[PDB]
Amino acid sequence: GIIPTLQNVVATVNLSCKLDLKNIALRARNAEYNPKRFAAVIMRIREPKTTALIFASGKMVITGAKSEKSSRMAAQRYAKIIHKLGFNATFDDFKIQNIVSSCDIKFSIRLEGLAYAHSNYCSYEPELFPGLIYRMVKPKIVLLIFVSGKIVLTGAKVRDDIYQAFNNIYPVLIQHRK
């Protein structure tokens, strides 16, 4: 709807121990390792639907969560799974790296008007990329603004920055209604 909805949360954790990727893939019910295709073990859990990328270094990336809470729960679940597989991993330094979200203002935007009114903040070159790219400074967020009125907000580390960025941009969007 009009309030940004979290579409993806990406987190990292350090397992604090080197893992044998081939062996995790062999023993785990839902994990694969194909180094020519991706240089990490790819492990997935059902509900909620998330994906863990488990690197040889011990670093783990968790993606696919729809909230900070779900992200933390997921990371804990993968840790548990890895421990039950018999590796000596620990849960260390969980951190949210990125939050992507979206909303829909339900009217069309004249992107050309917005771009030339704020050219030091955004780029619009439909020959090269669809939609208008707006680099907000306070807070540090990149917004993708589409003619349809769909808005994507990227680069947030906490949810409050997403809402604040959308509060900042909204009065600008209404000025360029199509």
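Note that residue numbering begins at 1 and tracks the sequence as displayed.
Of the two segments examined, 35 to 43 and 56 to 64, it is 56 to 64 that shows the higher average Cα temperature factor in the deposited entry. The mean C-alpha temperature factor is higher for 85 to 93 when 98 to 106 and 85 to 93 are set side by side.
Comparing C-alpha B-factors across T154, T12, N168, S16 in the deposited entry, the largest value falls on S16. Ranked by C-alpha B-factor against the other modelled residues of its chain, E127 falls in the highest third.
In the PDB entry, a CA B factor belonging to the highest third of its chain's modelled residues is recorded for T5. Among all modelled residues in this chain, the alpha-carbon of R135 has a temperature factor (C-alpha) in the lowest third. Sort the chain's modelled residues by C-alpha temperature factor and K69 lands in the highest third, per the entry. Remark: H118 belongs to the middle third of its chain, ranked by C-alpha B-factor as recorded.
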